[PDB]
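With mmCIF, N, CA and C atoms inside, this is my_file_33.cif:
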data_coords
#
loop_
_atom_site.label_atom_id
_atom_site.label_comp_id
_atom_site.auth_asym_id
_atom_site.auth_seq_id
_atom_site.Cartn_x
_atom_site.Cartn_y
_atom_site.Cartn_z
N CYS T 1 1.80 -1.01 -5.26
CA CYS T 1 0.53 -1.69 -5.52
C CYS T 1 -0.38 -0.78 -6.31
N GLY T 2 -0.12 0.52 -6.21
CA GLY T 2 -0.94 1.50 -6.88
C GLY T 2 -1.97 2.05 -5.92
N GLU T 3 -1.95 1.50 -4.71
CA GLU T 3 -2.86 1.91 -3.66
C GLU T 3 -2.29 3.08 -2.89
N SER T 4 -3.16 3.80 -2.22
CA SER T 4 -2.76 4.93 -1.41
C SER T 4 -3.46 4.85 -0.08
N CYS T 5 -2.67 4.89 0.97
CA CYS T 5 -3.20 4.83 2.32
C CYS T 5 -3.19 6.22 2.92
N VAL T 6 -3.43 7.18 2.04
CA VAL T 6 -3.46 8.57 2.42
C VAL T 6 -4.63 8.85 3.35
N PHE T 7 -5.78 8.29 3.02
CA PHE T 7 -6.98 8.48 3.83
C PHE T 7 -7.36 7.20 4.56
N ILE T 8 -7.24 6.07 3.87
CA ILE T 8 -7.58 4.78 4.45
C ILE T 8 -6.51 3.75 4.14
N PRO T 9 -6.39 2.75 5.01
CA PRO T 9 -5.42 1.66 4.88
C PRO T 9 -5.63 0.85 3.60
N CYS T 10 -4.53 0.29 3.09
CA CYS T 10 -4.56 -0.50 1.86
C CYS T 10 -5.59 -1.62 1.93
N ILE T 11 -6.18 -1.92 0.79
CA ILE T 11 -7.17 -2.97 0.68
C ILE T 11 -6.49 -4.30 0.39
N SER T 12 -5.47 -4.27 -0.45
CA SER T 12 -4.73 -5.47 -0.80
C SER T 12 -3.68 -5.78 0.27
N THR T 13 -4.07 -5.58 1.52
CA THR T 13 -3.20 -5.87 2.65
C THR T 13 -3.02 -7.37 2.74
N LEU T 14 -4.03 -8.07 2.23
CA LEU T 14 -4.06 -9.52 2.18
C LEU T 14 -2.94 -10.05 1.30
N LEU T 15 -2.70 -9.36 0.19
CA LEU T 15 -1.65 -9.74 -0.75
C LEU T 15 -0.29 -9.41 -0.14
N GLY T 16 -0.22 -8.26 0.51
CA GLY T 16 1.01 -7.85 1.14
C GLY T 16 1.28 -6.37 0.97
N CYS T 17 0.26 -5.63 0.54
CA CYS T 17 0.41 -4.19 0.34
C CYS T 17 0.40 -3.47 1.69
N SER T 18 1.58 -3.04 2.10
CA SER T 18 1.75 -2.35 3.36
C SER T 18 1.77 -0.84 3.14
N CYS T 19 1.19 -0.11 4.09
CA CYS T 19 1.14 1.34 4.02
C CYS T 19 2.52 1.92 4.31
N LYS T 20 3.10 2.59 3.32
CA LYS T 20 4.43 3.18 3.49
C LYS T 20 4.50 4.54 2.81
N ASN T 21 4.82 5.56 3.59
CA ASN T 21 4.93 6.93 3.09
C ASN T 21 3.58 7.36 2.51
N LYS T 22 2.51 6.86 3.14
CA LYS T 22 1.13 7.14 2.74
C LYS T 22 0.78 6.49 1.40
N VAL T 23 1.70 5.67 0.89
CA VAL T 23 1.49 4.95 -0.35
C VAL T 23 1.57 3.45 -0.05
N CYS T 24 0.78 2.65 -0.73
CA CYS T 24 0.77 1.22 -0.46
C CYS T 24 1.69 0.45 -1.41
N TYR T 25 2.58 -0.37 -0.82
CA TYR T 25 3.50 -1.19 -1.59
C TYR T 25 3.50 -2.62 -1.07
N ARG T 26 3.72 -3.55 -1.97
CA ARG T 26 3.77 -4.96 -1.63
C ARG T 26 5.20 -5.46 -1.75
N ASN T 27 5.50 -6.56 -1.07
CA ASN T 27 6.84 -7.15 -1.10
C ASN T 27 7.89 -6.12 -0.68
N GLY T 28 7.52 -5.27 0.26
CA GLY T 28 8.43 -4.27 0.76
C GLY T 28 8.42 -2.95 0.00
N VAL T 29 8.73 -2.98 -1.29
CA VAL T 29 8.77 -1.75 -2.07
C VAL T 29 8.21 -1.89 -3.48
N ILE T 30 7.18 -2.71 -3.65
CA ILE T 30 6.56 -2.87 -4.95
C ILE T 30 5.25 -2.08 -4.97
N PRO T 31 5.19 -0.99 -5.73
CA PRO T 31 4.00 -0.14 -5.80
C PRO T 31 2.74 -0.90 -6.20
#

What's the structure tokens form of this structure?
Amino acid sequence: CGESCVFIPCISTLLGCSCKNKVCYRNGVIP
């Protein structure tokens, strides 16, 4: 997604951006 949940949780969580490896990805593994 281009998001980073290093300090705070993803904002586009609504879309599907899940916090993974401190990096936010959507659809499982889409940055």

Gap from atom CA of residue T:30 to atom N of residue T:6 - Å, one decimal: 15.8 Å

Expanded to explicit residues, what is the PyMOL selection byres (((chain T and resi 15-25 and name CA) around 6) and name CA) for this file, as a compact mmCIF listing (two decimals) with N, CA and C atoms, in the coordinates of the input?
# COMPACT_ATOMS: atom_id res chain seq x y z
N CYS T 1 1.80 -1.01 -5.26
CA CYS T 1 0.53 -1.69 -5.52
C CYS T 1 -0.38 -0.78 -6.31
N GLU T 3 -1.95 1.50 -4.71
CA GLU T 3 -2.86 1.91 -3.66
C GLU T 3 -2.29 3.08 -2.89
N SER T 4 -3.16 3.80 -2.22
CA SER T 4 -2.76 4.93 -1.41
C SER T 4 -3.46 4.85 -0.08
N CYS T 5 -2.67 4.89 0.97
CA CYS T 5 -3.20 4.83 2.32
C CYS T 5 -3.19 6.22 2.92
N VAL T 6 -3.43 7.18 2.04
CA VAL T 6 -3.46 8.57 2.42
C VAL T 6 -4.63 8.85 3.35
N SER T 12 -5.47 -4.27 -0.45
CA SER T 12 -4.73 -5.47 -0.80
C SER T 12 -3.68 -5.78 0.27
N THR T 13 -4.07 -5.58 1.52
CA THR T 13 -3.20 -5.87 2.65
C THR T 13 -3.02 -7.37 2.74
N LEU T 14 -4.03 -8.07 2.23
CA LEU T 14 -4.06 -9.52 2.18
C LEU T 14 -2.94 -10.05 1.30
N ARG T 26 3.72 -3.55 -1.97
CA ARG T 26 3.77 -4.96 -1.63
C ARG T 26 5.20 -5.46 -1.75
N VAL T 29 8.73 -2.98 -1.29
CA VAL T 29 8.77 -1.75 -2.07
C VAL T 29 8.21 -1.89 -3.48
N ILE T 30 7.18 -2.71 -3.65
CA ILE T 30 6.56 -2.87 -4.95
C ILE T 30 5.25 -2.08 -4.97
N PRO T 31 5.19 -0.99 -5.73
CA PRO T 31 4.00 -0.14 -5.80
C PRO T 31 2.74 -0.90 -6.20

How would you write, as a list in words, the set of residues in chain T that DSSP gives as strand (DSSP E or B)?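 After running DSSP on the backbone, chain T has strand (DSSP E or B) at residues 3, 4, 18, 19, 20, 23, 24, 25, 26 and 30 of chain T.
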
Would you work out the distance separating atom C of residue T:27 from atom CA of residue T:8, expressed in Å to one decimal?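 Going from atom C of residue T:27 over to atom CA of residue T:8, I get 19.6 Å.
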